[PDB]
Amino acid sequence: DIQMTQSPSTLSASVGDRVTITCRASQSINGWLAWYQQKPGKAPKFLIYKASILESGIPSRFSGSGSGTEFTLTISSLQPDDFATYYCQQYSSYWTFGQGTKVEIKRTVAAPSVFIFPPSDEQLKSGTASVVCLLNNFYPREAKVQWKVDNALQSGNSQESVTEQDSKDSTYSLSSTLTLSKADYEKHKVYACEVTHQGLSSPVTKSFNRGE
Amino acid sequence: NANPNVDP
Amino acid sequence: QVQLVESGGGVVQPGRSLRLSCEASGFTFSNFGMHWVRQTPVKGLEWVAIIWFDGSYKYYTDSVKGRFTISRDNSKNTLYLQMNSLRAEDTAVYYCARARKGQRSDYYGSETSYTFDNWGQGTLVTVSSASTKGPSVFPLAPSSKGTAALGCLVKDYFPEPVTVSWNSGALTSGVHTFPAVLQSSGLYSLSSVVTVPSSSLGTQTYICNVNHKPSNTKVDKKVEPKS
């Protein structure tokens, strides 16, 4: 019933930075606001309750503030163990959570290297053709990928997957896979994936002609 | 949200 | 140490049932109320149910009323979640958690409210009509047109996970194995890619080693430039 909204969904920061995360309630929750920290593959961990009370064992660099409908979580000096996803939770009336704010490692903008892969002859026997577009080692993670087939924009028939931030260079890689039927694939010629990313002065299009 | 534990 | 361990998760057909268990250690289980909470990547965290320390009262989130039952066996230090008439939207990681006073312990008065902490590791519930199926492995061949990219498309398997290595683990630098995606068919698919010197296409073979233990499937796929 009480909706919780966090902002931003993803935040980039450097070790040593001061980070603030916002949580907004659809109605007053008094000060019954809790914060949780979650690492990938792990359970959320209780950090703060009553908006501002630190749970025992939680480092003093974490602090919380707010009242009514507006709350904040602050990390005074970010440490490597603090890169994680943070969730707020109201416990005034039942229990509802924000969608989470992922704190990631900041680095410089890096353009993606783009590669396109036609379907293999072997796959066409399955009745389906997969076209894969790879965006390698880029930053930040937000990017725009567009599929065209004989200049027809493809919508609804592609799925994206993104890696976690690389431990060495803090970049991301992303795959976009376009799924077509064998018959549709064989009836069209030009297959193109267009990548828009602020690391590129202009969009990069990688394309192939079927059978060439 | 009421106390569901044995002690307050 | 306080520890909760969930068990019982797995694949269940829609409309069928499943019972989850949560075993407690390191504290007097019968002194605490307990919760079930679930998590999905897209929809996030959702509280499911609460039960009093002695089972004398309980209640549920609207979406599971009439289908889920929370119970406990204090003689076995165990919390249960009986899930009947399961639906696709019940797919999630299910956590158990211990009820927690969300106010200073020393405060006694009306201004108090409860939440929950000490969540367990969770157990994955997958509601699906899919059956166990090994993947098909297709080459992502290096382009004929520096640095080259190649890979393997690991398509149409169930359930997760598959493991992918390159050249029996000798090739690790530049490898990106992407998180699997659930396709509209109900089967999973992923790609594993690697960037190599364009000169190494002439001096090196590239083989993707795919293992899908649920189907006892092992595949070695050679990936080469197309002819």
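Backbone geometry of the stretch A:134-151 corresponds, through the Karplus equation with coefficients 6.51, -1.76 and 1.60 at θ = phi - 60°, to 3J(HN,Hα) couplings of 10, 10, 9, 6, 10, 7, x, 6, 5, 8, 10, 10, 10, 9, 10, 10, 6, 6 Hz, x marking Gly and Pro.
Dipole magnitude for the stretch C:21-172: computed about the Cα centre from +1 point charges on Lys and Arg Cβ and -1 point charges on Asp and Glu Cβ, it is near 200 debye. Taking a ≥ b ≥ c as the square roots of the eigenvalues of the alpha-carbon gyration tensor, the stretch A:4-105 is classed prolate because a/c is 1.5 or more and a/b outweighs b/c. Per-residue Karplus couplings for the stretch A:11-25, computed as 6.51 cos²θ - 1.76 cosθ + 1.60 with θ equal to phi - 60°, are listed in order as 10, 9, 8, 10, 4, x, 6, 8, 10, 10, 10, 9, 9, 10, 9 Hz, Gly and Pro entered as x.
Okay, helix-only estimate at 222 nm for the protein assembly as shown: each DSSP H run of n ≥ 4 adds -39500 (n - 2.57), divide by all residues, round to 500 deg cm²/dmol; what do you get? Before the final figure, lay out the partial values.
Details: 2 runs with 10 residues, N = 447.
Roughly -500 deg cm²/dmol at 222 nm, from the helical runs in the protein assembly as shown.
Computed about the Cα centre, the dipole magnitude for the protein assembly as shown is approximately 480 debye when only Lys and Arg (+1) and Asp and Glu (-1) carry charge, each at its Cβ. Of the residues C:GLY26, C:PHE53, C:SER85, the one whose Cα sits farthest towards the positive end of the charge dipole of the stretch C:3-127 is C:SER85 (charges of +1 on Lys and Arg Cβ, -1 on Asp and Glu Cβ, taken about the Cα centre).
Taking other C-beta atoms within 10 angstrom as a stand-in for reagent exposure, A:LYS189, A:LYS168 fall in the order A:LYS168, A:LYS189, fewest first. In terms of surrounding Cβ atoms within a 10 Å radius of their Cβ, C:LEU187, C:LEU86, A:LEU153, A:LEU135 rank from fewest to most as A:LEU153, C:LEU187, C:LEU86, A:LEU135. Prolate is the label for the protein assembly as shown, because the ratio a/c of its alpha-carbon gyration tensor axes (a ≥ b ≥ c) is 1.5 or higher and a/b is greater than b/c. DSSP assigns beta bridges within the stretch C:3-127; of those with both partners inside it, close to 95 percent run antiparallel.
Across peptide A:109-118, the average count of Cβ atoms from other chains found within 10 Å of a residue's Cβ is 3.
Residues of A:36-46, mean number of Cβ from any other protein chain within 10 Å of their own Cβ, rounded to a whole number?
Details: counts 4, 0, 3, 0, 0, 3, 3, 13, 8, 3, 9.
Averaged over the peptide's residues, the number is 4.
So for C:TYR80, C:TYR59, fewest C-beta neighbours within 10 Å to most, what's the order? Before the final figure, lay out the partial values.
Working: C:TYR80 20, C:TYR59 11.
By the 10 Å Cβ count, ascending, the order reads C:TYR59, C:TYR80.
Considering only A:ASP17, A:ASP166, A:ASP121, the mean-square fluctuation computed in a Gaussian network model of chain A, springs between alpha carbons under 10 angstrom, is largest for A:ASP121. The alpha carbon gyration tensor of the stretch C:1-124 gives principal lengths a ≥ b ≥ c with a/c of 1.5 or higher and a/b greater than b/c, which makes the shape prolate. Across peptide A:2-9, the mean count of Cβ atoms from other chains lying within 10 Å of each residue's own Cβ comes to 0. Can you give the % of DSSP beta bridges in chain A that are antiparallel, to the nearest 5? Antiparallel bridges: around 95 percent, rounded to the nearest 5.
For the stretch A:165-181, 3J(HN,Hα) computed residue by residue from phi via the Karplus equation (6.51, -1.76, 1.60; θ = phi - 60°) reads 4, 5, 5, 7, 10, 6, 9, 10, 10, 9, 10, 10, 10, 9, 10, 10, 6 Hz, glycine and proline entered as x.
Note: ideal-geometry Cβ built from the backbone for every residue, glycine included; neighbour counts use all protein chains shown. Every number here is computed from the coordinates shown, using simple stated rules; none is lab data.
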